[PDB]
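Below you'll find only one chain, the form deposited in one PDB entry, shown as structure tokens.
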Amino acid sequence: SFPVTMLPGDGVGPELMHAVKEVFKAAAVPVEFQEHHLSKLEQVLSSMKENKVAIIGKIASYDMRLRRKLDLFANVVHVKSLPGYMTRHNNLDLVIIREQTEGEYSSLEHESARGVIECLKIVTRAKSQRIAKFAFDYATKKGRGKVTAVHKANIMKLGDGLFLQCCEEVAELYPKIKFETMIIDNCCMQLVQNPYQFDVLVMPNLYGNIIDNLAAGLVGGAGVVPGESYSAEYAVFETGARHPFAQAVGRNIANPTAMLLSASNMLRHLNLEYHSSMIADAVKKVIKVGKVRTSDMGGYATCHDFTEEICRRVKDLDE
């Protein structure tokens, strides 16, 4: 059973998706991938209408259009230390919830005079109240205790203040979750000094870009942090820090950990808890034993060698 749309994407995306199906076939996972080698191609919206979930690589711009044609307004990134992989900050566990459809990401730019460029940054009560209720629903669904709202409302009094205001309003409906606000630049500095004061963070688009990759590098980097993007009907699974030179360099060198890890999140979403717990734990255990590690984690292993070992452990029965 279970059809899932797969967009392999730009860069090493095709090689991670190859790892995903390889571990999936290994763990004998009941999921058939209906894949489109994109890059209208609104065939994607049709397949998601029937399938309702996707796994995607790295792709207004297409990315921010496809997001908009899917209303993928909420982005979730799980910053969680993996036991075997050691970093300056260990035993960390954060959720970065990010608005995706507004801000500076809609190409609203123009020239008002020669050499004077204006670029618009859009905040609306609609999209902010929505991402704010989503963050608090995430805190309640998952047992998190605090939601910190990150902004720069002291400079952008309107607008960043609109976003702030909706957060405080939404926050009264959830009196069982603690709610704090912090200023983006202060937040970034606390994130390196002491990231353990944070539980769930919620921010608009551009700040979310920054804090996605900053937290990602706290616990291991672009190769191990996974992320989802949700609609109200749709669930798209990707990697957490999806910045421009994230894993694009190299062939057979990339880390499949983040893609596998969110692939196992996708399985949890599909209600396949058995295969989610298996693949996740396989991945996590190959990292802990420290036998094979990819170059970004300090080892010498090829992407194929790392994936091979994940399969050898999903298939093992003495575990």
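A residue's number is simply how far along the shown sequence it sits, counting from 1. Each form is matched to the other, and the largest set of C-alpha atoms that superpose within 1.5 Å is called the rigid core.
According to the entry, the deposited sequence has 4 to 9 residues without coordinates between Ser39 and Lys40. Per the record, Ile59 and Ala60 are separated by a gap of 10 or more residues from the deposited sequence that were not modelled.
Higher mean CA temperature factor, per the PDB entry, when comparing 287 to 295 with 30 to 38: 30 to 38.
Comparing the deposited coordinates for 79 to 87 and 211 to 219, the stretch with the larger average C-alpha B-factor is 79 to 87. Looking only at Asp199, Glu111, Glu104, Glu233, the residue with the top Cα B factor in the deposited structure is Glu233. Highest CA B-factor among the listed residues (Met266, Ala258, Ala280, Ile253): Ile253.
Per the PDB record, residue ranking by Cα B-factor puts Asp71 in the highest third of the chain. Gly227: CA B factor in the middle third of modelled residues in this chain (values from the PDB entry).
Among the modelled residues of its chain, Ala246 has a C-alpha B-factor that falls in the highest third according to the deposited record. When the modelled residues of the chain are ordered by their C-alpha B factor, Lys178 lands in the highest third.
One more form of this protein should be noted, the form deposited in another entry, which is absent from this view; the next part is about it.
The only C-alpha among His243, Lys157, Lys146, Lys142 that moves by 2 Å or more between the shown form and the other one, given a superposition on the rigid core, is that of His243. A change of 3 Å or more separates the two forms for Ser229 and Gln247: their C-alpha atoms lie farther apart in the other entry.
The pair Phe245 and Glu15 is tighter in the other entry: their Cα-Cα distance falls by no less than 3 Å compared with this form.
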